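In the authors' numbering, the protein residues as written are 4 to 169, 177 to 352.
See structure below.
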Ligand SMILES: CCOc1nc(N[C@@H](Cc2ccc3c(c2)COC(C)(C)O3)C(=O)NC)nc(-n2cnc3ccc(C(=O)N4CCCc5ccccc54)cc32)n1
């Protein structure tokens, strides 16, 4: 059952992978691992291989590693990054230290596309549709991304897209320009429609070519947002359980929702309509992914028999308070239990 492993050093790091993976070539200085481009001789696919660094250094990190592996083992969808392989050179649990992950090699993020390319309404349709198809799947598993943004979106030459990666929030930084107001300002217990807000921001950026809410801080970004969508009504104010947040909002001069047709001049009216149903301040009233797939803006791509949902995602491990060795053992279980796609 054991494939033969071989060793090589790639910038002060020993990589031990099965013989099937060839021409390993470093590609990105990550923060939870190093990543190589490789060629998988068995599938004939070009693959990305990640070596998780310090995966079991503390209870926190060992749980994170377990969670990571669980999410990826579970995500089986065309528009969501899943796992072609996972392996360890270790022959037993006692020597088990390293986790390697294998997935499809993707050419660029969406940032590297919207910066370089000029996007027709047709390309925007296909990209957004793909995001929504992936989200419908993610949300059906009771997972919220929380941080959808162009650098989390992998695209290749065919414009095929996959969703990825479910002080750093301070200033004029992309890290915050796509967050929903209620998650950015902790208004309430937020739901999965925070991701729909993010899609709205992304979609707008693809159409206009510029960031929709390039706030220079939390307050400035709120101001940009409300300038477009209007200040909260009485009903939405009730739902903002944070007394600190609610009191601040009421201090602002009230504003009406702007006419979107006047902001995004020249755009497809159907794109304008969809944006209006995505960028609704009240998260309860936002369009869902499943609903957005049926919007007439995607009538050319929409396929109700080819927009699948997810298997039950057993997430009950989150409540668990275990020791390092116990998370690591559960991780090892998920490693050896892995069955590749057909
Ligand atoms: C750490 C990032 O470093 C990095 N740099 C480059 N550089 C490319 C250009 C480029 C630049 C940015 C960029 C993309 C490309 C593609 O989409 C995204 C959004 C990544 O952004 C280049 O120079 N090619 C010449 N490519 C990649 N990469 C390429 N396919 C990847 C697939 C997944 C991931 C991954 O993170 N996971 C995480 C969990 C799942 C998993 C499982 C196994 C392995 C990695 C992973 C990384 C990938 N990662």
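The beta-carbon is built from N, C-alpha and C at its ideal position, and this holds for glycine as well.
Taking residue 59 as the reference, which of 164, 102, 244 has the closest Cα? 102
Going by DSSP, what residues sit across from residue 37 in a beta bridge? 54
Nearest to residue 99 by alpha carbon, out of 348, 52, 338? 338
If I follow the unbroken beta strand (DSSP E) through residue 158, where does it start and stop? 156-158
Taking 7 Å as the cut-off, does the CB of residue 106 come closer than this to any heavy atom belonging to ligand 1? yes
Extract the residue ranges of the alpha helix (DSSP H) inside the segment 271-341, only unbroken runs of 4 or more that lie entirely within it. 279-288, 299-302
Just to confirm my understanding: we take residue 197, look at its own chain, exclude 5 residues before and 5 after, and list those with CB closer than 6 Å. What are they? Within the same chain, residue 197 has close Cβ partners 250, 252, 255.
Of the residues 125, 14, 61, 352, which one's Cα is nearest the Cα of residue 213? 125
For residue 230, three-class secondary structure by DSSP: helix
Helix or strand or just coil, what does DSSP make of residue 11? strand
Three-state secondary structure (DSSP) of residue 182: Three-state result, residue 182: coil.
If residue 158 sits next to residue 151, beta carbons under 8 Å apart, how far is it from one beta carbon to the other, in whole angstroms? Going by Cβ atoms, the distance from residue 158 to residue 151 rounds to 14 Å, so no, they are not a contact pair.
Using a threshold of 7 Å, is the CB atom of residue 184 nearer than that to any non-hydrogen atom of ligand 1? The beta carbon of residue 184 sits no closer than 7 Å to any heavy atom of ligand 1.
Which value, in whole angstroms, describes the spacing of the CA atoms of residue 300 and residue 273? Their backbone Cα atoms lie some 27 Å apart in a straight line.
What did DSSP end up calling residue 30 once you bin it into helix, strand or coil? strand
For ligand 1, I want to know if residue 109 counts as a neighbour, meaning its beta carbon is within less than 7 Å of at least one of the ligand's heavy atoms. yes
Assign residue 331 to buried or exposed, taking buried as 16 or more other Cβ atoms, counted over all protein chains shown, within 10 Å of its Cβ. exposed
Where does residue 18 sit, in a helix, a strand or coil, going by DSSP? strand
I need the straight-line Cα distance from residue 28 to residue 39, nearest angstrom please. Rounded to the nearest angstrom, the two C-alpha atoms are 5 Å apart.
Within this structure, are the beta carbons of residue 319 and residue 37 separated by less than 8 Å? no
Heavy atom of ligand 1 within 7 Å of residue 137 beta-carbon: no
Tell me whether residue 33, by its Cβ, gets closer than 7 Å to a heavy atom of ligand 1. yes
Helix, strand or coil at residue 25 according to DSSP, with G and I counted as helix: strand
Sequence-distant residues of its chain with Cβ nearer than 7 Å to residue 171 (five each side left out): No coordinates exist for residue 171; the numbering of the chain passes from 169 to 177 with nothing in between.
Just curious, the alpha helix (DSSP H) that residue 349 is in, first and last residue? It is not in any alpha helix (DSSP H) - residue 349 carries neither H nor E in the DSSP assignment.
Inter-residue Cα distance where the pair is residue 107 and residue 85: 8 Å
How big is the Cα-Cα spacing for residue 14 and residue 345? 26 Å
I'd like the list of long-range same chain contacts for residue 105, defined as Cβ closer than 6 Å, with 5 residues on each side in sequence excluded. Hits under 6 Å: 50, 52, 87, 88.
DSSP puts residue 80 in a beta bridge; with which residues? For residue 80, the beta-bridge partners assigned by DSSP are 83.
With which residues is residue 90 paired in a DSSP beta bridge? 103
Can you name the start and end residues of the beta strand (DSSP E) that residue 165 belongs to? 164-166
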